[PDB]
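Q: Here's a structure for you.
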Amino acid sequence: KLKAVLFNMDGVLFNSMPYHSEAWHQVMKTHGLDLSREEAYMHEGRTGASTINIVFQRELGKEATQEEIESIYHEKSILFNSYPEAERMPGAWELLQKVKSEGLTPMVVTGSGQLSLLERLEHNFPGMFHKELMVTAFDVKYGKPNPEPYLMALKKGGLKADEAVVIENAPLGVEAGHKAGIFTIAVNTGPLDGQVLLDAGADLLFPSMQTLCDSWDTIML
Ligand SMILES: [Cl-]
Ligand SMILES: [Cl-]
């Protein structure tokens with residue numbers, strides 16, 4: 001039944017998670033808030049505004065103001081962009097070529113609003129993605145772990161949930177894919193215990209994008 005493969009971006013397509021976790025950790029530290037690199041990784045999937053608000057609630061016992069959200073989001077984006085630009089996750093391009101050769105539609109479903117990465121998708125993965133077949137921070141009211149972004153991806157692609165598969169590296173994205181009713185494959189590309197991804201609702205778990213790519217033609221959907 002499979003028609004489309006819905007990829008997260010950060011930690012699936014780009015090896016950008018060390019940078020995102022460093023930048024969140026450092027900007028929060030500047031603001032006097034403790035967020036470890038691993039706790040930052042655990043927020044992958046959220047929009048930046050949702051991350052900031054939840055960290056304020058957890059650490060300060062209050063909501064972030066709109067000004068705090070915009071300031072901190074810009075600060076983190078500027079710091080992220082100050083690093084040498086993120087490179088591809090090994091295995092992603094090989095997998096995309098396989099998916100496309102099988103007649104399947106690649107899509108991106110991300111909580112990112114980071115234009116530096118979004119505008120590099122075409123040069124990194126030529127011929128794969130299209131803006132009207134992507135969901136980003138710009139498209140959603142509620143991001144991951146709410147199923148909204150994955151539900152929206154299904155609609156953009158004219159798909160039913162049973163015609164798609166989700167490829168996720170982070171538990172909030174796994175949860176969103178699963179709760180959207182879509183079969184969800186976790187790829188453990190970061191510092192987390194794989195069990196965190198299984199417990200978030202992943203139907204399958206692979207230890208890298210390359211191993212997923214190697215097994216791809218035996219996943220019968
Ligand atoms: Cl990382
Ligand atoms: Cl960013």
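Residue numbering restarts at 1 for every chain of the structure tokens, chains are lettered A, B, ... in their displayed order, and ligands are numbered from 1 as they appear.
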Using DSSP on the backbone coordinates, identify the residues of stretch 157-191 of chain A assigned to strand (DSSP E); present them as a ChimeraX atom specification.
A: /A:164-168,183-187
Q: Give one line per residue of chain A that approaches ligand 1 to at most 8 Å, naming the two atoms of the closest pair and their distance in Å to one decimal, counting only C-alpha atoms and all ligand atoms; sort by chain then ascending residue number and deliver it as a Markdown table.
A:
```
| residue | atom | partner | partner_atom_place_in_ligand_line | distance |
| --- | --- | --- | --- | --- |
| A:16 | CA | ligand 1 | 1 (Cl) | 7.8 |
| A:17 | CA | ligand 1 | 1 (Cl) | 4.5 |
| A:18 | CA | ligand 1 | 1 (Cl) | 3.6 |
| A:19 | CA | ligand 1 | 1 (Cl) | 7.1 |
| A:20 | CA | ligand 1 | 1 (Cl) | 7.6 |
| A:21 | CA | ligand 1 | 1 (Cl) | 5.9 |
| A:22 | CA | ligand 1 | 1 (Cl) | 7.8 |
| A:37 | CA | ligand 1 | 1 (Cl) | 6.9 |
| A:38 | CA | ligand 1 | 1 (Cl) | 7.1 |
| A:41 | CA | ligand 1 | 1 (Cl) | 6.4 |
| A:190 | CA | ligand 1 | 1 (Cl) | 5.2 |
| A:191 | CA | ligand 1 | 1 (Cl) | 6.1 |
```
Q: Could you list, as a list in words, all residues that come within 9 Å of ligand 2? Count only C-alpha atoms and all ligand atoms.
A: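 Checked against 9 Å with only C-alpha atoms and all ligand atoms; the hits are residues 19, 20, 23, 24, 48, 73, 74, 75, 76, 77, 78, 79, 80, 81, 112, 113, 114, 115, 116 and 117 of chain A.
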Q: Within 9 Å of stretch 202-215 of chain A, which residues of stretch 73-144 of chain A show up? Give each one with its shortest atom-to-atom distance in Å (one decimal) and the two atoms involved, counting only C-alpha atoms, rows by chain then rising residue number, as a Markdown table.
A:
```
| residue | atom | partner | partner_atom | distance |
| --- | --- | --- | --- | --- |
| A:89 | CA | A:209 | CA | 7.4 |
| A:90 | CA | A:210 | CA | 6.5 |
| A:91 | CA | A:210 | CA | 4.3 |
| A:92 | CA | A:209 | CA | 6.1 |
| A:94 | CA | A:213 | CA | 7.0 |
| A:95 | CA | A:213 | CA | 5.1 |
| A:96 | CA | A:213 | CA | 8.8 |
| A:98 | CA | A:213 | CA | 8.0 |
```
Q: What does the file look like for those residues with N, CA, C and O atoms, as a PDB file, in the first residue's frame?
A:
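Contents of selection_13.pdb, as written:
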```pdb
ATOM      1  N   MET A  89      23.327  13.447   6.881  1.00  0.00           N
ATOM      2  CA  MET A  89      23.437  12.187   7.614  1.00  0.00           C
ATOM      3  C   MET A  89      23.857  11.052   6.681  1.00  0.00           C
ATOM      4  O   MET A  89      23.202  10.847   5.651  1.00  0.00           O
ATOM      5  N   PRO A  90      24.933  10.320   7.019  1.00  0.00           N
ATOM      6  CA  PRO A  90      25.312   9.207   6.129  1.00  0.00           C
ATOM      7  C   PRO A  90      24.161   8.222   5.954  1.00  0.00           C
ATOM      8  O   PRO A  90      23.490   7.880   6.929  1.00  0.00           O
ATOM      9  N   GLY A  91      23.919   7.792   4.721  1.00  0.00           N
ATOM     10  CA  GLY A  91      22.808   6.890   4.460  1.00  0.00           C
ATOM     11  C   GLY A  91      21.548   7.554   3.929  1.00  0.00           C
ATOM     12  O   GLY A  91      20.750   6.908   3.239  1.00  0.00           O
ATOM     13  N   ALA A  92      21.338   8.827   4.245  1.00  0.00           N
ATOM     14  CA  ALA A  92      20.105   9.502   3.835  1.00  0.00           C
ATOM     15  C   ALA A  92      19.970   9.579   2.314  1.00  0.00           C
ATOM     16  O   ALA A  92      18.923   9.282   1.776  1.00  0.00           O
ATOM     17  N   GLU A  94      21.514   7.794  -0.027  1.00  0.00           N
ATOM     18  CA  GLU A  94      21.319   6.447  -0.573  1.00  0.00           C
ATOM     19  C   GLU A  94      19.873   5.965  -0.411  1.00  0.00           C
ATOM     20  O   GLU A  94      19.268   5.427  -1.344  1.00  0.00           O
ATOM     21  N   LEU A  95      19.309   6.180   0.773  1.00  0.00           N
ATOM     22  CA  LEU A  95      17.929   5.778   1.019  1.00  0.00           C
ATOM     23  C   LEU A  95      16.955   6.554   0.158  1.00  0.00           C
ATOM     24  O   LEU A  95      16.037   5.963  -0.410  1.00  0.00           O
ATOM     25  N   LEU A  96      17.131   7.866   0.044  1.00  0.00           N
ATOM     26  CA  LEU A  96      16.264   8.663  -0.805  1.00  0.00           C
ATOM     27  C   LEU A  96      16.264   8.155  -2.239  1.00  0.00           C
ATOM     28  O   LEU A  96      15.198   8.073  -2.874  1.00  0.00           O
ATOM     29  N   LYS A  98      16.839   5.126  -3.250  1.00  0.00           N
ATOM     30  CA  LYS A  98      16.068   3.876  -3.245  1.00  0.00           C
ATOM     31  C   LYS A  98      14.568   4.148  -3.264  1.00  0.00           C
ATOM     32  O   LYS A  98      13.833   3.563  -4.057  1.00  0.00           O
TER      33      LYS A  98
END
```
Q: Taking only C-alpha atoms into account, name the residue in A:43, A:1, A:100, A:156 that is nearest to residue A:170.
A: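 Ranking A:43, A:1, A:100, A:156 by distance to residue A:170, first place goes to A:43.
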